[PDB]
Amino acid sequence: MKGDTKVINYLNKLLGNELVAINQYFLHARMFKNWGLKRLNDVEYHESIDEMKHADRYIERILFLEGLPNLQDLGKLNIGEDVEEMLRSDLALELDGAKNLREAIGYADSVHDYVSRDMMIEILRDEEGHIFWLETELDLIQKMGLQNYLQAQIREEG
Amino acid sequence: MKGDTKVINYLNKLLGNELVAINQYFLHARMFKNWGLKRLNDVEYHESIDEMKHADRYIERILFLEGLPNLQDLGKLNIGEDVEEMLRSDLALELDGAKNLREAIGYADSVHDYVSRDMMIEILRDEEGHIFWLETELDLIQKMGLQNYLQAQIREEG
Amino acid sequence: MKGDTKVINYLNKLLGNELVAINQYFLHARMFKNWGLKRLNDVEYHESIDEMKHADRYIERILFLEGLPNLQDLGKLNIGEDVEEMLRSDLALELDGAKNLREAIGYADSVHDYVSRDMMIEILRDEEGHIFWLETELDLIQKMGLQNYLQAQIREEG
Amino acid sequence: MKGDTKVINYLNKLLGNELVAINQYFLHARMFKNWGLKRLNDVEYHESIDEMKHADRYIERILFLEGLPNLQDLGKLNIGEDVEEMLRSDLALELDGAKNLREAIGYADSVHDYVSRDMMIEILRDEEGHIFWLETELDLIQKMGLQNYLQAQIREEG
Amino acid sequence: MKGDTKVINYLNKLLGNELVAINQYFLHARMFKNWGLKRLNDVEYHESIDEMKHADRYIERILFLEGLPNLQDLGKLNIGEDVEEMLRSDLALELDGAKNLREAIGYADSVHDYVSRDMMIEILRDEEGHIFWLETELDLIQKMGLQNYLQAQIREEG
Amino acid sequence: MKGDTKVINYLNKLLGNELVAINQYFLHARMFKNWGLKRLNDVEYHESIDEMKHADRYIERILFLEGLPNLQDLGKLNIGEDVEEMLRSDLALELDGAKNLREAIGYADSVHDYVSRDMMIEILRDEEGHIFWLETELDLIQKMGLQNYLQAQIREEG
Amino acid sequence: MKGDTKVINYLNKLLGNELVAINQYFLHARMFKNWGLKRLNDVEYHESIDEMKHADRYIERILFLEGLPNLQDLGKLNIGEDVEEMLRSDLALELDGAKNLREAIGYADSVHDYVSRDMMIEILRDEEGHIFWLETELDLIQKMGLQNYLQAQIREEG
């Protein structure tokens with residue numbers, strides 16, 4: 001079903017955001033894992049998987065709307081070197097991504113692509129949940145100190 | 001069954017205490033939650049629920065005794081800005097409420113409303129249990145230091 | 001995550017509405033219960049519980065957006081003296097609340113806070129379901145007469 | 001298998017009756033439901049479903065006999081404005097349809113289409129069961145009065 | 001609850017679209033069945049059922065909003081004579097309907113009927129899923145040829 | 001444990017191959033899905049997942065050996081436009097990847113990194129299995145013709 | 001089956017390494033246990049058991065190849081006096097052992113004793129897993145501090 005050209009462009013831009021997040025979160029997860037921070041590995045790895053699910057939704061929607069998914073261009077990753085820097089990088093990435101989503105959601109509404117909009121709002125809802133988690137962790141590092149914080153990550157939280 | 005007017009006035013005063021506590025504990029709970037202090041959220045939230053149950057008992061008793069439950073007047077909340085201030089505020093609230101409960105229990109006995117008294121003694125027993133928990137938590141903050149204390153709250157206890 | 005100030009003000013206004021409904025529905029329920037109208041107590045009590053859930057959603061959303069939930073100011077309750085007056089009062093409360101919600105949902109859209117909007121639309125949907133029930137019960141009082149209507153409430157509808 | 005042309009015309013006429021009943025009973029059901037008359041909604045909705053099953057049998061039979069099912073022409077609905085008027089309209093509809101069925105069954109026998117006849121007699125048996133329920137309900141409205149009658153519909157009849 | 005008059009008119013127009021689709025899909029289904037194309041009968045029949053569910057939602061919403069559901073006027077059916085023509089007819093119907101849905105969704109938003117809007121968006125999401133299926137099947141007819149396509153329909157897919 | 005620098009360079013090169021395959025196979029998969037070729041979607045999607053697992057093994061091994069995983073550089077994808085072209089592109093990618101693996105396996109042996117070698121041989125064994133599947137499917141397209149081949153993909157194989 | 005004499009000498013040397021590790025890890029384990037460091041006792045004890053399993057494989061392989069297993073000569077143990085020193089001693093022991101293993105694996109290949117080689121690669125894979133754990137724990141001591149580190153060992157991890 002032929003979709004709006006600019007909606008398809010937005011979907012490819014958002015897909016682009018997801019491809020960056022997938023790689024950044026996956027590497028951060030395994031860096032966490034390599035440092036023995038099992039709890040952070042677990043959360044970060046599942047964020048990575050969650051972004052794959054988002055990318056999948058963008059890809060299928062683009063194909064349905066008869067556009068061409070772009071998995072070729074990969075934006076800049078920002079891999080941190082310590083736990084706080086890594087989480088702060090994820091947070092900045094999520095905030096950038098949420099700005100893009102808001103714009104796309106607004107535009108999709110204006111050209112009456114309510115199904116694309118509905119999908120993006122669900123994804124945005126997922127992203128704000130991740131933003132909440134990040135902000136909380138970043139504050140906890142300051143509140144309990146880095147040594148306690150790292151100690152709180154070495155066992156899985158199940 | 002027409003009750004003693006002053007007993008009903010006491011029950012409305014105690015109900016008023018409960019209405020303040022319900023709101024104060026519920027907001028403190030979600031503030032804890034927003035900070036990632038899942039254990040404190042869990043306890044604080046269930047205290048709020050417990051105060052709803054106490055309010056319910058007062059409301060039903062007042063109606064049975066043919067009085068008019070007053071849910072319209074809401075006393076002063078004292079919302080804290082950090083964990084210790086919030087727990088100290090809850091404790092002061094509990095101690096004030098216990099003073100009121102003691103007065104009512106004495107008065108109900110004097111006019112032979114033993115069923116109202118029996119109800120209030122159970123509630124007082126619940127409140128001293130809460131007072132015990134608060135005093136213990138406040139002492140632990142001092143004994144293990146705030147950083148260790150916050151760390152001990154980020155996972156649910158169960 | 002720093003939210004829009006006017007959205008946060010809307011959320012606090014809506015929270016204020018919920019705090020009124022919680023108390024109004026709770027007292028109405030126990031009045032129904034005190035009269036032996038078990039069916040009405042059951043529905044009314046669970047509406048009270050449902051408004052607590054709505055308040056909870058507003059409170060968590062406000063805290064996330066870094067605003068201050070206001071549980072201190074309690075609006076006017078309108079407690080009825082007979083079944084029809086109580087239900088009509090609940091209905092007026094719901095209709096007033098729905099106007100406020102519609103306005104907030106519109107504005108949330110205009111500043112691209114689609115997650116707050118999504119939350120509020122779910123709540124509005126709950127409220128219109130409650131309005132449907134109220135309108136139905138009020139009509140049934142007139143159609144079967146008050147004596148039959150009351151008789152129909154004295155046993156639980158499981 | 002090439003059927004009798006006039007038999008096919010009868011089946012299309014009967015299908016036409018079913019299409020009317022489907023819509024009339026479906027709307028009547030949801031009007032009942034909207035008024036809180038759950039028992040009537042339940043029965044009326046299932047009659048609508050049963051008329052769909054009848055329509056289905058006609059459609060399949062017509063196609064087998066190599067005729068063209070007519071779903072395009074929709075006869076007059078008679079939507080009532082109150083419960084008694086709605087049930088009396090359903091009853092008149094059933095009686096008109098039973099007349100049509102009797103004529104078709106007689107003709108089908110006459111041209112030796114015994115399988116179409118057998119199908120139609122099963123449907124006629126279903127309809128007389130519905131006519132029985134309607135006559136009963138209409139009599140009960142008079143015998144117990146409308147207020148009692150409506151009270152008896154507000155709960156599901158297990 | 002008195003709704004917006006034009007929203008109600010939209011809902012009746014959409015209900016009208018559904019009434020056409022119910023009949024068109026039901027007849028197409030049984031034509032498929034009569035040809036031995038069991039897989040197409042199964043999908044097409046369940047589309048008809050799905051459109052009945054959509055109609056039900058419109059009817060109940062209209063009644064809640066105190067309007068009058070119109071089940072009397074039936075728009076033009078376009079019954080195909082071979083498989084490709086039938087599927088293309090369904091597809092044109094779905095596309096026409098999606099246009100109406102988009103228009104209604106935009107208008108409901110403008111008068112703050114967010115619950116009617118939310119219902120319609122769910123329905124639009126369903127229809128685009130049906131549009132996807134239709135486009136796929138039509139392409140498969142071209143890609144594998146009609147003889148292979150028909151062979152692929154004669155057993156149930158499950 | 002500080003690894004051999006050139007081994008780490010090989011692992012990053014092989015990771016790079018995996019990153020291309022992950023994206024190429026995922027897009028091909030959903031293209032198959034969009035075409036209704038359910039069997040091909042299922043296989044292609046699971047190949048994509050298998051390459052993610054391989055990438056995961058490289059990333060963890062690089063980190064253990066104290067190198068820096070490179071997820072930033074993404075090589076050329078070769079997305080096909082029809083089924084045969086897509087499978088041939090996958091096959092060329094796999095053959096290129098196997099050449100790189102053979103080189104790396106030889107080199108790792110020469111510097112006594114037997115654990116890296118052992119890991120790569122397992123991965124090579126997986127890739128040759130995929131190569132077998134691709135070559136088989138490509139031959140089958142020619143042997144049964146494209147129309148029969150496409151028909152054989154529209155149902156899941158399980 | 002008469003084996004290569006030099007391979008057998010390698011197997012006896014590696015067996016000697018295992019005999020040192022078995023005793024060193026067992027004593028470190030019970031020293032940990034005596035200090036109340038239950039998590040470390042658990043891991044260290046199971047490493048000792050794993051080295052017994054490795055020794056067992058060497059002994060059986062040596063006897064099969066018709067050599068004489070040497071369990072008489074025991075190399076130098078390096079028992080640490082505090083947790084960090086003990087772990088660093090284990091790590092140095094593992095690294096020395098891996099050097100010997102790589103050499104033996106290389107030589108087994110040159111004389112085509114591929115089964116001895118295959119056994120040794122599995123053991124090497126085990127040892128690098130142990131090296132990973134050791135490096136991680138040593139880094140965690142510095143990152144969270146010894147006091148937090150010790151606190152993190154007093155309960156079993158399972």
# chains A, B, ... in the order shown; residues from 1 in each chain; ligands from 1
$ select_by_dssp --residues "chain A" --states "alpha helix (DSSP H)" --output "PyMOL selection string"
chain A and resi 5-34+38-64+83-110+114-144+146-151
$ write_last_selection --atoms "C-alpha atoms" --output "compact mmCIF listing (two decimals), in the first residue's frame"
# COMPACT_ATOMS: atom_id res chain seq x y z
CA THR A 5 7.06 9.61 0.97
CA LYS A 6 8.06 11.79 3.93
CA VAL A 7 6.56 9.33 6.42
CA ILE A 8 8.77 6.64 4.83
CA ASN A 9 11.74 9.00 5.14
CA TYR A 10 10.94 9.51 8.84
CA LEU A 11 10.67 5.75 9.35
CA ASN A 12 14.09 5.27 7.76
CA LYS A 13 15.54 8.00 9.96
CA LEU A 14 14.09 6.34 13.09
CA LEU A 15 15.29 2.97 11.84
CA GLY A 16 18.71 4.62 11.55
CA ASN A 17 18.50 5.70 15.20
CA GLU A 18 17.62 2.12 16.18
CA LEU A 19 20.54 0.60 14.32
CA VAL A 20 22.92 2.86 16.26
CA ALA A 21 21.25 1.97 19.59
CA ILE A 22 21.32 -1.75 18.87
CA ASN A 23 25.10 -1.73 18.38
CA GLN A 24 25.89 0.72 21.18
CA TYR A 25 23.76 -1.12 23.74
CA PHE A 26 25.06 -4.52 22.69
CA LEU A 27 28.69 -3.48 23.04
CA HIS A 28 28.03 -1.65 26.31
CA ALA A 29 26.27 -4.80 27.59
CA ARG A 30 29.23 -7.03 26.84
CA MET A 31 31.65 -4.47 28.26
CA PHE A 32 29.53 -4.62 31.43
CA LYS A 33 29.65 -8.42 31.23
CA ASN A 34 33.41 -8.40 30.75
CA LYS A 38 26.07 -9.04 35.55
CA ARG A 39 23.02 -6.91 36.40
CA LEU A 40 23.99 -4.13 33.96
CA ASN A 41 24.81 -6.68 31.27
CA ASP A 42 21.34 -8.17 31.68
CA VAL A 43 19.48 -4.88 31.45
CA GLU A 44 21.68 -3.46 28.67
CA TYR A 45 21.48 -6.64 26.61
CA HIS A 46 17.68 -6.63 26.75
CA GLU A 47 17.58 -2.95 25.80
CA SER A 48 19.59 -3.97 22.74
CA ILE A 49 17.07 -6.71 21.93
CA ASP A 50 14.23 -4.23 22.48
CA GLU A 51 15.76 -1.88 19.91
CA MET A 52 16.00 -4.80 17.45
CA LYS A 53 12.24 -5.29 17.89
CA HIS A 54 11.73 -1.59 17.16
CA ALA A 55 13.95 -1.79 14.05
CA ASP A 56 11.95 -4.81 12.89
CA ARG A 57 8.70 -2.83 13.22
CA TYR A 58 10.16 0.05 11.19
CA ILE A 59 11.48 -2.30 8.54
CA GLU A 60 8.14 -4.12 8.08
CA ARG A 61 6.17 -0.86 8.02
CA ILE A 62 8.49 0.63 5.39
CA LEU A 63 8.16 -2.48 3.22
CA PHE A 64 4.37 -2.46 3.59
CA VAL A 83 30.08 2.83 33.59
CA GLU A 84 28.84 6.38 34.14
CA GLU A 85 30.10 7.60 30.75
CA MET A 86 28.41 4.66 29.02
CA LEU A 87 25.04 5.24 30.70
CA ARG A 88 25.25 8.97 30.01
CA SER A 89 25.92 8.20 26.34
CA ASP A 90 22.87 5.89 26.21
CA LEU A 91 20.77 8.62 27.83
CA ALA A 92 21.86 11.27 25.30
CA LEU A 93 21.11 8.82 22.47
CA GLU A 94 17.64 8.10 23.87
CA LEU A 95 16.87 11.81 24.27
CA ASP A 96 17.97 12.51 20.69
CA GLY A 97 15.86 9.59 19.52
CA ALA A 98 12.81 10.81 21.40
CA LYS A 99 13.07 14.24 19.69
CA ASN A 100 13.04 12.57 16.30
CA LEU A 101 10.06 10.40 17.27
CA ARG A 102 8.03 13.39 18.46
CA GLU A 103 8.58 15.10 15.13
CA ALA A 104 7.65 12.00 13.12
CA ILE A 105 4.56 11.39 15.23
CA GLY A 106 3.42 14.97 14.63
CA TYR A 107 3.98 14.71 10.89
CA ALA A 108 2.37 11.28 10.51
CA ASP A 109 -0.75 12.67 12.20
CA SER A 110 -0.89 15.64 9.80
CA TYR A 114 -2.56 7.05 12.04
CA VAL A 115 -1.30 3.48 11.97
CA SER A 116 2.34 4.60 11.60
CA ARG A 117 1.68 7.16 14.34
CA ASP A 118 0.18 4.54 16.66
CA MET A 119 3.25 2.33 16.20
CA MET A 120 5.64 5.21 16.94
CA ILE A 121 3.79 6.25 20.09
CA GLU A 122 4.18 2.70 21.43
CA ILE A 123 7.91 2.86 20.68
CA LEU A 124 8.19 6.33 22.28
CA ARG A 125 6.47 4.90 25.36
CA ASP A 126 9.16 2.19 25.46
CA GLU A 127 11.92 4.78 25.10
CA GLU A 128 10.70 6.96 27.98
CA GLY A 129 10.72 3.84 30.19
CA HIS A 130 14.38 3.37 29.25
CA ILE A 131 15.08 7.06 29.91
CA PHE A 132 13.54 6.66 33.38
CA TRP A 133 15.80 3.69 34.13
CA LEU A 134 18.92 5.53 32.93
CA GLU A 135 18.22 8.70 34.92
CA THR A 136 17.59 6.59 38.01
CA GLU A 137 20.83 4.63 37.64
CA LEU A 138 22.83 7.81 37.03
CA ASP A 139 21.41 9.39 40.17
CA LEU A 140 22.06 6.21 42.18
CA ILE A 141 25.73 6.32 41.24
CA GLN A 142 25.99 9.77 42.79
CA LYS A 143 23.82 8.92 45.81
CA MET A 144 25.48 5.69 46.89
CA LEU A 146 30.62 4.40 42.62
CA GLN A 147 32.06 1.64 44.82
CA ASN A 148 28.68 0.69 46.30
CA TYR A 149 27.04 1.10 42.90
CA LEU A 150 29.44 -1.31 41.21
CA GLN A 151 29.01 -3.78 44.09
$ residues_around --residues "residue 4 of chain E" --least-positions-apart "5" --cutoff "8 Å" --atoms "only C-alpha atoms" --output "list in words"
residues 65, 111 and 113 of chain E
$ write_last_selection --atoms "N, CA, C and O atoms" --output "PDB file, in the first residue's frame"
ATOM      1  N   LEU E  65     -23.589   7.198  22.612  1.00  0.00           N
ATOM      2  CA  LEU E  65     -23.583   8.625  22.288  1.00  0.00           C
ATOM      3  C   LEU E  65     -24.960   9.179  21.961  1.00  0.00           C
ATOM      4  O   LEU E  65     -25.086  10.340  21.550  1.00  0.00           O
ATOM      5  N   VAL E 111     -12.902  17.518  17.671  1.00  0.00           N
ATOM      6  CA  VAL E 111     -13.965  17.768  18.661  1.00  0.00           C
ATOM      7  C   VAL E 111     -13.730  17.002  19.972  1.00  0.00           C
ATOM      8  O   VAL E 111     -14.628  16.865  20.796  1.00  0.00           O
ATOM      9  N   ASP E 113     -13.304  13.937  20.741  1.00  0.00           N
ATOM     10  CA  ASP E 113     -13.876  12.627  21.003  1.00  0.00           C
ATOM     11  C   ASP E 113     -12.761  11.599  20.873  1.00  0.00           C
ATOM     12  O   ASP E 113     -12.709  10.839  19.914  1.00  0.00           O
TER      13      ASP E 113
END
$ closest_residue --among "C:155, C:112, C:82, C:73" --to "chain A" --atoms "only C-alpha atoms"
C:112
$ atom_distance --atom1 "atom CA of residue 158 of chain F" --atom2 "atom CA of residue 158 of chain E"
11.1 Å
